[PDB]
Structure formats: C-alpha cells, structure tokens
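Since the structure comes first, as structure tokens, the remarks are kept for the end.
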Amino acid sequence: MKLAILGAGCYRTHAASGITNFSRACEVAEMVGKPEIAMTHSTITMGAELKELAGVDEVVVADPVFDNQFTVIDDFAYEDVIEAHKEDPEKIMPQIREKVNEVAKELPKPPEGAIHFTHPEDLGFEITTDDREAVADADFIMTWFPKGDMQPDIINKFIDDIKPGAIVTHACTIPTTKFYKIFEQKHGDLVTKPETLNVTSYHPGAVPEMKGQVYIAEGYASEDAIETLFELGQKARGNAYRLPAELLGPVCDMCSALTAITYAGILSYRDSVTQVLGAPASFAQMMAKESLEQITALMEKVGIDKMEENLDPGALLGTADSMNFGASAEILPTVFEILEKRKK
Amino acid sequence: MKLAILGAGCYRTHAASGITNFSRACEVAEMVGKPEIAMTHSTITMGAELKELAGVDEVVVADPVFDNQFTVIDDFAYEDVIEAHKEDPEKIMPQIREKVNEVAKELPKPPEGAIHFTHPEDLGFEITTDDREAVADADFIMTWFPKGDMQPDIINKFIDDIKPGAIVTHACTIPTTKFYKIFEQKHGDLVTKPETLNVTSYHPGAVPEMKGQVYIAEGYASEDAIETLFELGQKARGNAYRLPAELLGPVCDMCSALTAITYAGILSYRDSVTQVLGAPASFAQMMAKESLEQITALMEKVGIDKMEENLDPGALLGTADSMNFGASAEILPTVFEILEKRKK
Amino acid sequence: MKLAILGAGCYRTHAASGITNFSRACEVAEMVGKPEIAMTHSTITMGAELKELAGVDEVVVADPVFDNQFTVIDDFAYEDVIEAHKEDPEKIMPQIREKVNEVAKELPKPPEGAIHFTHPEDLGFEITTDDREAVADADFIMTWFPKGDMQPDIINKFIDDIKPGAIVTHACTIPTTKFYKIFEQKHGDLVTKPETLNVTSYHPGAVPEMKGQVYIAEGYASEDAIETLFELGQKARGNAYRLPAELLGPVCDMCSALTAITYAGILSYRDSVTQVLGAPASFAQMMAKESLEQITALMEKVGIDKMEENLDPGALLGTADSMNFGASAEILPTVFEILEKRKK
Amino acid sequence: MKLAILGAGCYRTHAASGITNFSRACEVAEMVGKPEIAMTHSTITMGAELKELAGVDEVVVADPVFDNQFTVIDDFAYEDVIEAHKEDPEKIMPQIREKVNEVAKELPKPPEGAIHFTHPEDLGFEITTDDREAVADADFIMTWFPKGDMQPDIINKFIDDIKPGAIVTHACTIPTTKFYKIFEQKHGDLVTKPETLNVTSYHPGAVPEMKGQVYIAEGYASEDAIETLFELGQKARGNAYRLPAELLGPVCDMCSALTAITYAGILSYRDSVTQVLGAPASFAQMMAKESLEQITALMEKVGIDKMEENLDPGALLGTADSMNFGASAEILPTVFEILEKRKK
Amino acid sequence: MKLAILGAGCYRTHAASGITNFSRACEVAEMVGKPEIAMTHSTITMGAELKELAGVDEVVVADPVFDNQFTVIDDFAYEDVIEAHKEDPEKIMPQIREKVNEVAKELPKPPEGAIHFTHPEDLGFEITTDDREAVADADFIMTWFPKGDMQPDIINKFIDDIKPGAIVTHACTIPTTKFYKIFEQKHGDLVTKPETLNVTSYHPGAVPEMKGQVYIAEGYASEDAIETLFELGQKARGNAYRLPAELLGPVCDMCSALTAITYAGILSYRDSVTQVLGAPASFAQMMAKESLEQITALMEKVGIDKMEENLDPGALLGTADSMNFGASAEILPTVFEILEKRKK
Ligand SMILES: Cc1c(O)nc(CC(=O)O)c(C)c1OP(=O)(O)OC[C@H]1O[C@@H](n2cnc3c(=O)[nH]c(N)nc32)[C@H](O)[C@@H]1O
Ligand SMILES: Cc1c(O)nc(CC(=O)O)c(C)c1OP(=O)(O)OC[C@H]1O[C@@H](n2cnc3c(=O)[nH]c(N)nc32)[C@H](O)[C@@H]1O
Ligand SMILES: Cc1c(O)nc(CC(=O)O)c(C)c1OP(=O)(O)OC[C@H]1O[C@@H](n2cnc3c(=O)[nH]c(N)nc32)[C@H](O)[C@@H]1O
Ligand SMILES: Cc1c(O)nc(CC(=O)O)c(C)c1OP(=O)(O)OC[C@H]1O[C@@H](n2cnc3c(=O)[nH]c(N)nc32)[C@H](O)[C@@H]1O
Ligand SMILES: Cc1c(O)nc(CC(=O)O)c(C)c1OP(=O)(O)OC[C@H]1O[C@@H](n2cnc3c(=O)[nH]c(N)nc32)[C@H](O)[C@@H]1O
Ligand SMILES: [Fe+3]
Ligand SMILES: [Fe+3]
Ligand SMILES: [Fe+3]
Ligand SMILES: [Fe+3]
Ligand SMILES: [Fe+3]
Ligand SMILES: [Fe+3]
Ligand SMILES: [Fe+3]
Ligand SMILES: [Fe+3]
Ligand SMILES: [Fe+3]
Ligand SMILES: [Fe+3]
Ligand SMILES: [Fe+3]
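Protein chains in written order, with PDB author numbering: chain A, 1 to 344; chain B, 1 to 344; chain C, 1 to 344; chain D, 1 to 344; chain E, 1 to 344.
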C-alpha cells in the first residue's frame, strides 16, 4: 500500500491553543522504538502510525511548503518529551509553546511556512511539492487542506492522476458531501467503467499527536474501502469509529457535548418506553421525532438566547416526572436540577 | 382467531364492469367441498377462504345492509357456476350479469341494498349491523369501506372497542397513511402502555372471487403482525405479497402496468451497469434517480399529453444504444421500436 | 458569424475507450471534398462542419495547449481512414488506437498536451491561447471545458469580453443550470439594458467525429437563439434535438437507456388510457405521477440493489395484466417476461 | 340542460352587512319581464338568470330547509324594489334590512330556517329536500354549502348519484383543491372508464343579487366544461372570468385590493423593463420573483405589523426612482407619496 | 479605526451609463474644503467621507491595479466640476463621459487598468497591491469585488490575516448569504474562542459619487457592529438604512420600484384592515400571504409575459372596490386605472 499525504500541517495553531500535547505521538514512539515520532504532529503522526503500526509500506508527503520555509525546530530532545509525557506533559509543553509562538511571529503561515520538530524524511517518507506525483499509484490519499472552498482548485490539479478505486479522505474543513461532489463523475458520452473513487475520512479528534482515535465517514465509499480504513485505523490510531458522514460535524470537539447529551437522552427515553412501558420502539420514535423537531424549530424561530422567554424551563418539570423510570431515571435527576434552577 | 369483516360488499359494480367472474371462488368451493362458496364475492369470499383454508375459527360480518335490503339472488345453481368455470366462465357470466344489472336498476345502493348469491349465515358467519359488537375480541378486523373521507366517521364509532394489538386492514379506497392516522394515538396525560393496533392491508387484485392473491401493506404494523397476515394470505388467497404501503396504489389494476414497465427498466438498467459494465450499484442509482426525477418533472411541467413536443422520442435513440448490452438488451428492442414510431 | 471554440480537445480518451471511430468526420470530409476533416475530433469536427456545411464564416479555436505540447499525429493518411470507414472502420481503428495509446503514455494531459491528427490551422481556423481575444466579437462561443467546478475560474477571465447577445454553449461536464449561474447578472446600481447572453448547449452524443446529431438545451436562451442554433445544428451535425436543459444528463450515453424505457412506458400507458379506455390524459398523468414518484422513492429509500426484497417483481404481474391493451400491449410482453424471471 | 342547485341560501347575513342591495336581480327582472326575480338572492338569483337568460331548461333547488322553516317575506312589492333600484336603492333597502333583522332574531339559522322574498317554486324551479334526487341526471350541480370541513359529509351522500361528466361547482367556503379531493377517484381494481366529473366554480363577487359577474376556476375540469360554463356565465351573469382555481381566494372581496395592487405593480414593472429598457421579460421575472418572495418572507418572519421597523419605507425611495419611466411611471407617484409619509 | 478598502473601482462603466454625475462627491468636497474629493468615485468617495466626516483615522486602499495601469485623468479642474454641480451637472458631464469613453477604448479593464480623477494618495490614503497587508489590524474591511463567484479565491488569500471582530462588507455582486459562507467557521478540533467576524454591507444606491445614502445588511454581524456601521454611514453618507440582508437585492436600482409598489400595497392594505375594518393585523397577514404567494406562483408557472391570458386584469376590478377605504383608498385609484386599461 502507498499512502500519499497531501498537507503536512503546521504546529502553530496547536501551540497557540495552549491545550495540546504529544501524548499519543510519544506512546507510538515508545511502541515502535523510534523516538523522533514523539514530536510529530498532524498528518505526520498519522503517517508514522500507519507506516510503523499498520504495515503501510510507502508514504509520500506533498506540500508546497517544502520548497518554501519548512521549519524544523530542534531545541527539544525527543527523549525529554517522551519522559515528560510519562507523568506530566506540562513539565515541557510551556517551553515548547513559547518557542513555537516566537517562531510563528515572523514565520509565514502555510503554505509559505510550517513548523515541525521532526522532518518527515527522517521517518522514511518521500517528500515532494507536486501533488500530482504524490498521488500517482497511491492507494490511500490523505488530504489535509484548508477551508473547503479552496479545495476544488487544489484537487482538480491532480484528480485525473488518482488511481481508480483509491481511498481519498478529507479534512474537517469541508463536509464529506461537498468533498464528494468534487470527485463525483455523473454523465458521460462513452460507456466505459467509471473510475470510481472511495471518498471517506480519517479524521482524528483533538490533534492526533495528542489523542488516538479516528473517525471514518460512511456514505461515499464502498463497504470494502470503509472496512479497510477502519482496520488500518484500529491498528494505527488505536481505535476507530465508522459513522454516517453527516455526523462528523456533530461529533467534533466543538459540538460533541450537545450531540452526546441529546443522544443519551434519546437512547434513555427509548429504553424506558420499550423496556418498562412495553411499547414498540416506533412509538418512542414518533414521540421523539416531534419533540426533537419542535425544540429545534423553537430555537431557530426565537434564537437560542431567547428560548426560556418562550418555553419556561419550569413548564417541563411536572410532566417530565411521568416518565421517570427505567433508563431515563438515570439522566432525569440532573435535568430536573438544571430546569428547576432555570425556571421562571 | 376471530375475524370481523366490516362491509359485506355489493356485486353490482362487479357485474356492471362486464369483465369479472367467479374463478377463484369456484376453485375454493371445490377445494373444501362447499359449493355455496362458488358464488361468494368481495369480503365474503375472503372470509370463507380464511375460515375454510386458514383455520380462522370465528367470522362475523357487520354491515348496516343486513337490516335494510340485503338481497340474495337464488336464480343460479352453485354447481352450474362451478361447472362453467372449469372451462369457459362466459358460458354463464352473461346471464348472471344481466340478472344483477336488472336487480340493480331498482335496488338501492349500499348500505341500503346489496346484491349477493350466498347468504353469509350459510357459511357459518355471524351477521350483525353493529360494528362495535363485531369488533369485540376480534383479532383481525377486515374493513371494506367506501371512499376514504367517509372512513373516520365510521371507524370512530368502534375504534375504542378494538382489542389491543388487533390487525386492522383497509380497503383501497383510502391510502394506508390516511387510514393509519385515524388510529394513531400520539400524546397523552397518563403514562400507560398504548393500545397499539397493527394497521395494514389484505387487499386483493381485481375482485377476490375472480383471482387469488393478496397485497399486505408494510410500515404501520409490527413484523409479527405482517408475518401472521402474510401466512394467512398464502393459505387463504393462494399467494401473498408484502410491500411498502406507499406502493399499494402504484400496483393496483389501473396503475400497475406503468409501475411494472418502469420497474423492469430500473432492474434491467441496474444489472447492465453492475454485471457488464462493472460499476457499483450506487452509480446506477445516481443515474436512475436523476433520470426518473427529470422525466417525472417534465410530465408534471408540460402535461403528459405534451411531452413529445418538448422531448422528441427520437432524441433518446442514438444515446440509448450505448447501453444496449446485458439485461437491458432484452427490453430495449421494444423500446426502440416504440420511440422510432413516435419520433418527430 | 464568428464562432469561438474554447477547448480543442484531446483524442486520448476516445482512443482509450476502444469503441469510437471517425465515421461522421469521414462523411463530412467526403461531403465537402476536404479529406483532412476525416480525422478531426471533438470541437474541431464540429467547427469544420459549421464552417463547411452551415456557412459560419470565421472560426477561432482557443486552448492553452497551443503554446504547450499540441501534438499532431501524421502516421495515418486521411484517404485510408475514409476508405476504411466506407465498409469496416475496424480495419484501421486498432492501429490508430494503439498509436494514440503509446503517445499518451508520455505526452502530458491537456492543457499541457493534446493529441490531434489535423491541425486546426489547416482547416482555416485561427488559433490562439488567449480566450479573451477569441471571444471578441464572437456570435457563438462553444466551450469545451473540463469538469464543471473548474469552469467559473476559466470563464470569469473572459466573461466581460463577450459580445452582448452571444450564444454560449457548455460541455456536458457541467449542468446548464450551473453554467448559467456563471453568467447570470442579477442586481445592479445603474439602470442600463443588461448584456444578456444566450446560454444553451451544442452537445453531441457519443463523440462528434463518430456520430452526427446534437442536443440543444432550452431554458436559458431566447427562442431566437435556440432556433438559430437548431438550424445550424441541422445543417452541420445532420440532425438536432432541442430539449429542456434538465434532460441533458438523462439523455447522455450513460443514462439514456433508462430514460428511454421509462418514457416509452409513460407514452404507451398514456395512450392506452386515453385512446382505449377513453379517460382524460389528466387521469393517466395522476396515476403516472404517483407510480413514478413512489418507485423512485423506494429506490432511494432501500437502494437500487435491494428493491426486489421490498417489492417482489411478481407482485406486479397479476394487476399489470389489467391494462394489457392498446399501446401498452406492445411493451408489456417483454416486461412480463422480465418480471416473471425475477419474481420471488 | 338540468341544473341542480344544492343550497338555496339565507338572506340574513346579506341584510346584516348593511351594504348590499338587489341591483342585479332587478336588472334581470326587467330584462325578462318577471318582477319576482327582483328580490331573489344567492343561488336563486343565479338559477333564475341561467333559466331565463341562458336557456337552462330545468332547475331544481335542494335544501333541507324546505321541510323546516323556509320563510318568504311578503312585505315588499317587487315593483317598488325595481323602482327604487332605478335611481337610489337606499330608498328601500333600510326597510328591508330592518325587517330581515327582526325576522332573524327568532328564526333559526339554515338549514332549520332561511329567509327569502320569492319562493323558488314561483320561478318554475322544482324544490326538494333530497340532494340525491336533485342531482339525478343533472348536467350542472351548483353547490352552495357552508364551511368546507362540513362538505365531504354532505357530498358523499350523493356523489355516486352524479351523472358522469357533470359540471360541479363549489362555494367560496372551500378551496377548489379541497373540493376536488372529495370527488377525485384514483386507484381501482377494475379497469373501466372513470366517471370523471368536471369540478370548477361559478362564484359571484359580492352577492349575486347585487352584482353581475362570475368567477370560474380552472384546473380541475375539462376545457370543454370550462368553456361551457364561461359561456353560460357570460349570458346569465353578464360577464365571466375564468382563472386558475388557486387565485379565487386572492380575488375575493376581502383580498382583491391587495392582489390588484401587486398585480398592477408586476405588469407595470414588466412593461418598463421590456418596452423601455429593452430587456427580456425573463429578466423582469427573475427580479420580480426575488422581490416578491423576499417581501413576502419578511412579512411572515416579523409580522405584517412590524415590517417598517425592519425595512424602513424610506429605504426604497432613492433606488425606486431609478425605474421611474414607462408604465411604472404611472404608479410610482402614489407609491412614493405613501412611502415618504411612512419613512422613519 | 483603520479602514481597508479592497478595490478602488474604475469609472468606465459609470461614464458609459450616461446617467451619473459627481453631485455627492462635490457636496462632500465643499463640506470639508478639499476640492479633490469632488471627482472621487466608488470606494474612494466613500473612504474620503469616512476619513473626513466620520473620523476614520487611517485608510488604506488595496487593488492590484496600482502596479498596472492605474490612470488618473487630469483634464478636469475640481473647481469647475464643483461649480457645474451647483446648478446643472450636465454642463460638464458630457465632456467627462466622452474623455473617459475614449480612454476606455484602449485602457485594459480592471485589475489591469482603472480610471480615476483623484489619486487616493492625494487624499491621505495608503496604497498597496497586497490585500494581506491592507487588512492587517483593520477594523473595517470594505470589499469592492467583481462578481461573487470570483470572491472566494480573492478572499481566501487574506481571510486568516483579518483582525478578530473586524467588520467586513461585501459588494452587491454577491449576496450576503454567500459572502458570509466564505467566512463562516463551523467545526473544529480545539475548543478556543472563534475569531468571529462581523459580515455586513456598506452599499450605496446608484454610485456613491452621485448620491449619498448607504445600505447595511443585517443578519450576519453583531448588533454592536451594525450600530457602529450605521452611525458611521449616517455621518459619512448622510443617511443610512439597516435592513435584512435578503432585502438588499430587492432594493437595488433595478428592483426597488417593484418592491416599493408591493410594500406600499401591503402597508396600505394592512392599515385599511386594522384601522377601518377593525380586524387584527394577523387577519390582514393571512390574506396577504395567500395573495402574494399565489400571484407570485402564477408568474412563475406561466411566465410574467403571460399572466394576463390567465388572470384577466379586469377580474380584479369589481372585488377590489370592496376594500376601497382607509389607506388603500390612496393607492387603488391608480391601480384601477391601470387594470381597466389592461382588461380583456
Ligand atoms: C492546523 C490544522 C489542523 O489542526 N487540522 C487540519 C485538518 C483537520 O483537522 O481536519 C488542518 C488543515 C490544519 O491546518 P494546517 O495549516 O496545519 O494544514 C494545512 C496544510 O495544507 C497545506 N497546503 C496548502 N495548499 C496545499 C496544496 O495545494 N497542496 C498540498 N498538498 N498541501 C497544501 C499547507 O501548506 C498546510 O501544511
Ligand atoms: C364494490 C367494491 C369493491 O369491489 N371493493 C371495495 C374495497 C376494495 O376494493 O378495497 C369496496 C368498498 C366496494 O364497495 P362495496 O359497495 O361493494 O362495499 C362497501 C360496503 O361497505 C358497507 N358499509 C357502508 N357503511 C358501513 C358502515 O358504517 N359499517 C360497515 N360495517 N359497513 C359499511 C356497505 O354497505 C357495503 O357493503
Ligand atoms: C475528452 C473530452 C470529451 O470527449 N468531451 C468533452 C466535452 C463534452 O463531451 O461535452 C471534454 C471536455 C473532453 O475533454 P478534453 O480534455 O478532450 O477537452 C478539454 C479541453 O479544454 C482545454 N482547456 C483547459 N483549460 C482551458 C482554458 O482555460 N481555456 C480553454 N480555451 N481551453 C481549456 C484543454 O486543453 C482541452 O483541450
Ligand atoms: C350567506 C351565504 C353566502 O352569501 N354565500 C355562500 C356561498 C358563497 O358565497 O360561495 C353561502 C354558503 C352562504 O351561506 P347560506 O347560509 O346563505 O347558504 C348555505 C345553504 O346551504 C344549505 N345546506 C346546509 N346543509 C345542506 C345540505 O346537506 N344540502 C343542501 N342541499 N343544502 C344544505 C343551507 O340550508 C343554506 O341554505
Ligand atoms: C463599476 C463597479 C461598481 O459601480 N460597483 C461595484 C461594487 C458595488 O456596486 O457593490 C463594482 C465591483 C464595480 O466594479 P469595478 O470594476 O469598478 O471595481 C472592482 C475592483 O476590484 C478590483 N479587484 C479585482 N481583483 C482584486 C483583488 O484580488 N483584490 C483587490 N483588492 N481588488 C481587486 C479591481 O481592480 C477593481 O478596481
Ligand atoms: Fe479536524
Ligand atoms: Fe462540530
Ligand atoms: Fe380494492
Ligand atoms: Fe393505482
Ligand atoms: Fe478558484
Ligand atoms: Fe459530452
Ligand atoms: Fe446521463
Ligand atoms: Fe362566496
Ligand atoms: Fe380572499
Ligand atoms: Fe452595487
Ligand atoms: Fe435588485
């Protein structure tokens, strides 16, 4: 298998957030005995995992920055980073963040400059600035691009060079639907077998040097492609989730808390209805559909900031008690406390 | 099992059509050795099949007509009808149609009058005019009502008397969606297990005294209820089809020919794409979706009578040839002949 | 009239398909006594037809490739191609395909390289690499561009240089709706007469060197512009079809077979209903709308590959027979055979 | 031709409005020399016109009120009403209104009581309380029913007694779409020619005893039926309008003023664009669509009462002047005055 | 405050229209005693107003044209332009238009060439060709770009250089919704405070050198940002309007006349209903919604050019009279005259 990584990333925004570390990269470095992995970031971490843990034989990284100001900070010893991450990463992260922040004051932003600590060539990756050459014969094209509306112009330079059947993954900067539309080939004048590509995601939560795990979007790749990528992700990232593409946004670090609350509510309510009340799941679903749709419509109509002046949180208290049994009895206590505090 | 048939039917429109006979009723009469079944019609045929072939122990028929002018024509011997249907039903059907047509000139229409040839009491059915009493303890309520907008007022008289879990079937005079809405119980003030009913269909093609077979709508009954009814229908009607409720209309005697052509086209096209061209089914589906949606939208925009002045049938000929292989090669010959004759 | 062709095309994918030839180009070459037309392809064939058969006085072809590796293969004599196409094109096409395939191994793809056999300058066309200069004073701008999402950036370089009222046509790589949006001028601050353009298509089936005919999209150009282009296409391509723009995709070589089957079904069903049954076309249309919409919705809900496990093909057989008369009786035989073979 | 009028009407709400008279009924009375027509109202006026001016040979009026308290006020001489309506109807209308108002204090509302001044039997109409018998053999069924949600139960008693092809008209108390749904016969089990009815309207503006004219809804009857009814209406009501059914509501006495303003604006704007600016009508239409849709959406979003706090009327003044030429220059003066007075 | 103007504009289309002048620029020149303002145009006028009347301390103009053929016409004395605009601008505008038209024959269009009369550096503005440097530290980014589909590629070069919270305004060449989508940042992997921008408009009617006033789109910026911009616009442009973004198009110089007519109708009808009839505004709104929606749907269904053959203008006359009172009585006279002339 040949992996082509399109976009090496820059550390600057990771450092600037103040809240990331190298825990996962350090774990992988120790697993495979290659200390330089410990300070990889972004797609370089993910490529090193795929190469060293999942048997991906050939890795190329393409990014225009390699002909510009690709900057490798060498101030930090890999073994010191590994050691700090064994107990408290914040022993060393403040020094790293301060150095990166200083470099980023004058170093241009990508693709003119990028900040790394391990050169990808030292991981056995090929490097290039030519996306067309990187994707040649690639089985897995891992794209890591800026914001979605810039992606068609980037991709259309190399789309016709992609190997038929290749797995192509998108960054969270674009919805899967829109990324797929770049590749979708519909109508034609010559009846030849289409060069179908398998569009999906290989998207980490947080930043991949910090956390394992990976999210694989379903809906736009074959089952075989999803299974292949899921198994790679299990080996390389430590765990993987395959999920409908339309749920990627809702499970990101900004949104997931709300999706999680709502989902826990749906599942708990469903189980109270079917397991204790004894009604069909379809009954739970009909009630849930109307409840979810109407609370969502209220938010959109009046604004999330004005919901309480339209629906007093206290209005729910008396009637919500009626379903306080079974699975829902685990979650309602906290909900009642919250709504009691917020009632008019 | 108790079956409550709500609506006995009238033969008059069957006779008036000029195109029906008693072939199936005669077949069942011979199978079970009860000649009087041979001239049943409508729900009475279906009830006799369920009782005599599918083990339904108790049958009641409710219809207001039993207190009005329920008319049993006795001019025809069951054995003569059976004998005629062994080779040519039209030996006897013209005499039957003429008699029914004459009776129908003065006999009021249902529910004031109804024309039968076998009294249901002679089949071992209970008869009543009270729908509320008929449905008491019934496991299968087979409704056979006039046009859909009259059904809520009829049903609401007995809906609260129905046994929880009962299977309730609707006539083709109402869509399943609308029939279900009569029964749907949504919101409530007391958390008790809902008295869920299993809404479906048991609908024959043509008229049931003429043809076996039955259509069972999916979407609004439990899987167990659909399976129960499907197995009853196999035994009682000789065959059964379970299908999404929304397809009932499209498979009726007025519509099915078009649905059949379109479906045969979809399946043939799909198979050419996947089996010969080697593309994924999803590719066939994306093309089919746009093709079907746009040809449908054209019809709606300009009228079915004006399609050819907008899309010349000849416009399709050259390009349609490009997919002339595999399964599609069986159906395209006739299609090309048709479009060639219709081209501008 | 001045025609500006934007995009000369490359033969490589035509050769690679294994299924095209020069039949139409050869026919035109013989009609006008210019053998070099016989090995034109793509827009060059169409331009030669317009110039030599439809009186278009001035033709310019613009393509960046003219300053890059525009490659004219001279291995094949025009008269040998013409002679072979009189009886069996496959006497010579394999040699041509093999040569093109070999050249295409190393020649860059367009716009860096392109494969032709007749230089457009030898047809009396002006050549340029500047789209802005090509479109100056052009009455007909025939665009032949890659995939639709690349077209705005190409077109916006020259859109303000187009002559008011010009006819502008798009390749099948973009839907007419989306191409039109590039040109649509809505709001403004100075009330001056808009420089309205006439957006349509001039799109051949298959490849134009192989087959005559042309498809002209309606909906986004004046009636006068459509009529002008239709008459040019009749003369230049031998026949023409004008059709709603939204039907272009559905009539392409990949899709047309399905559209053709469905359309033949609609027309046949309509005619049985109106001509034999004697009902209004509106009755046929109401049934057809529901049938088409529901069979399409089923496909989308369960997948084209799973339709039969939801709607048994055999379910249609009994009821479809009821409309077996009139025009529908020509098409139903094949349909019944297909559904009988596929029934559960 | 046989006309069946279903609903005789009651005068009480006409009198109570304080604003109606018998001008049209008096005109018809004088035209045909039958003074008793002068104090007909509602459908009785329209039936008398159809019989006496349009050759309708047979008229029956059905209404339950004929077996209840059908009340004919005889206090007023027809010739005195005719004479007053020659110059000032308000010489006599106050006396009539006061008498009707007094009678209506104790007389039950229809169908238990109804107030007339001319018994329909004295116009040569048959009277009945049985709708089923009235519609027998009727070519034109003029329904005049209360509010739409009561109409299915009324109509379903007689729908199966209607002559195939009959013209059936609805009161303004129901939209044509909903009335049509009562009659629409879709699916069926026996392929016989449907008994298609021609659903339309014959609806007067104001009250028909006061004003001539009639509105005939298009969309749900054959062209022949609409033409027949239009020609009857021209003769009987003095003028007629045929219009899309969906525009009936918008042209009623409550709504028409707004529809008229908007329509005059659309037509004036269109003509300025095409005739003076010289742009295609499609350009005017694209601008008008967005303008109409967005002003409508604003009203719905903020409420008709809050539009000005969102869109200052003065915001339109400067830019609207730019189209002040041609047809629009006739209507803009008043509009500018209005918006100037309303500006913030 | 730092204002970055992205796009200096070109006068050529203003001159070519034949209908603009420098009235507002001259007024501002006289107000602040800087004659060179009198022949500014486009964003330069607006920048000079903001600097000289609204206290904006720092103005930079970025445009690629400054490194190409930025052309300052010096044939006209500022004081002569000011003097002419005191009484009749057409004393001098024809000479200006002719000169500009001649220059524009050979000068390339922007961004290769642009026509001005006052160099922005002579107004105290910084000039640059680098948008990224112009937006650095800018509080108000006034963009003035060509057609919307070119804007993402322009903006994405500098979007990450914008100061958090900056106000960013768009030209009328793009809808606010689409411009906002360029900037919208949705999902993310690191929970840091988003760098929210305040997207709105600062759009003049006509051309800003001719007319004061400005339109500020609501919906995509904070209330504080809208208020800030509204107050700047009041001072700098002389008046300002804040309105829902979706109404910008409808109030442009091409569309406003129709929007104005319709809005005046809505307000007049509403007031007749509430103030004279005494009904709730919600009653007026329900009627208006149906009227507006249906007249709009008719236009779309049949075409703006075919409305009268479907809805006779005369059909409205009789019923529209019924609401002829109150506010509507001011506007109906003209409407009735128009519809009377147009009736069939
Ligand atoms: C900071 C950051 C991050 O955490 N996550 C993601 C993706 C995700 O979470 O799904 C991205 C894109 C990112 O931004 P970053 O700037 O680190 O990476 C973008 C990369 O994208 C590269 N790039 C820009 N244009 C091109 C191009 O035309 N081709 C290629 N191959 N790389 C390109 C840049 O130089 C840069 O290395
Ligand atoms: C002729 C005919 C037919 O072939 N198929 C169907 C149904 C289908 O194909 O799905 C119907 C309804 C039908 O009409 P028919 O008039 O034969 O049957 C309607 C029956 O419905 C009965 N009925 C009317 N009102 C009531 C009521 O309130 N309760 C009951 N139980 N039956 C009622 C009538 O008296 C009559 O016997
Ligand atoms: C092979 C092929 C084909 O059969 N049909 C179509 C259109 C259709 O069926 O509707 C296209 C576009 C095509 O692709 P091909 O690569 O042959 O043609 C695209 C042409 O488009 C040219 N091109 C690319 N960028 C530009 C540009 O900016 N301007 C112009 N004028 N041509 C351009 C290319 O160099 C090339 O000659
Ligand atoms: C006052 C009034 C009016 O001006 N316009 C309309 C219609 C329109 O403008 O389109 C109606 C219905 C009306 O109400 P009105 O009460 O005058 O008329 C309703 C009539 O409808 C009759 N009616 C009620 N139920 C039935 C029924 O079952 N059958 C028949 N035939 N008439 C019925 C009533 O007794 C009454 O005579
Ligand atoms: C004539 C004209 C006008 O009246 N109004 C508007 C806007 C509105 O009414 O809302 C525009 C855009 C216009 O077109 P004009 O050609 O005058 O202005 C476009 C400007 O936009 C500049 N431009 C083009 N590309 C870029 C770019 O990448 N960056 C910047 N800063 N300016 C650019 C051009 O050189 C030019 O000066
Ligand atoms: Fe991400
Ligand atoms: Fe998210
Ligand atoms: Fe049926
Ligand atoms: Fe049907
Ligand atoms: Fe681009
Ligand atoms: Fe094509
Ligand atoms: Fe297609
Ligand atoms: Fe009315
Ligand atoms: Fe109305
Ligand atoms: Fe503008
Ligand atoms: Fe506009």
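For every residue, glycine included, the Cβ atom is placed at its ideal position computed from N, Cα and C.
Item: Per-residue burial, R97/A [other beta carbons within 10 Å of its own, 16 or more giving buried]; Value: buried
Item: Whether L229/C touches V135/C by CB criterion (9 Å); Value: no
Item: Test item, CB below 5 Å from any non-hydrogen atom of ligand 14; Value: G249/D, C252/D, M254/D, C255/D
Item: Chain F within 9 Å of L6/C, Cβ atoms only; Value: The structure shown has no chain F; the protein chains it does contain are A, B, C, D and E.
Item: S322/C at chain D interface by Cβ criterion, 9 Å; Value: yes
Item: Cβ of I331/B within 9 Å of any chain C Cβ; Value: yes
Item: Distance cut 6 Å, beta-carbon to ligand 10 heavy atom: residue list by chain order; Value: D153/A, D153/C, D153/E
Item: The stretch 215–222 of chain D in contact with the stretch 244–254 of chain E per 3-pair CB rule at 8 Å; Value: no
Item: 9 Å Cβ cutoff met for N21/E and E87/E; Value: no
Item: Contact residues within the stretch 171–192 of chain E, judged by C-beta distance below 9 Å to chain A; Value: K181, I182, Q185, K186, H187, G188, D189, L190, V191, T192
Item: Those residues which DSSP pairs with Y241/B across a bridge; Value: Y215/B
Item: Where the beta strand (DSSP E) through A114/A begins and ends; Value: 113–116
Item: Neighbourhood of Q69/E by C-beta, 8 Å cutoff - its chain only, sequence neighbours within 5 removed; Value: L107, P108, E112, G113, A114
Item: Validate contact between the stretch 125–133 of chain E and the stretch 46–62 of chain E using beta carbons, cut 8 Å, 3 pairs; Value: yes
Item: Within 9 Å, strictly: CB atoms of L311/D and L243/E; Value: yes
Item: Where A284/E sits in the DSSP three-state scheme; Value: helix
Item: From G148/C, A166/C, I19/C, residue whose alpha carbon lies closest to that of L3/C; Value: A166/C
Item: As assigned by DSSP and simplified to three states, the class of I304/D; Value: helix
Item: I174/A: first and last residue of the uninterrupted alpha helix (DSSP H) it sits in; Value: Segment: none, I174/A is in no alpha helix (DSSP H) and carries neither H nor E.
Item: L197/D classed as buried or exposed, judged by whether at least 16 other C-beta atoms fall within 10 angstroms; Value: buried
Item: Rounded straight-line distance, which links the Cα of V207/E to that of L190/C; Value: 8 Å
Item: Residue range of the beta strand (DSSP E) that includes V56/D; Value: Where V56/D is concerned, there is no enclosing beta strand (DSSP E), given that its DSSP letter is neither H nor E.
Item: CA-to-CA distance, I141/B to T176/B, given in whole angstroms; Value: 15 Å
Item: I37/C versus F117/C: straight-line alpha-carbon distance, rounded; Value: 9 Å
Item: beta-carbon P204/E near ligand 15 non-hydrogen atom, thresh 8 Å; Value: yes
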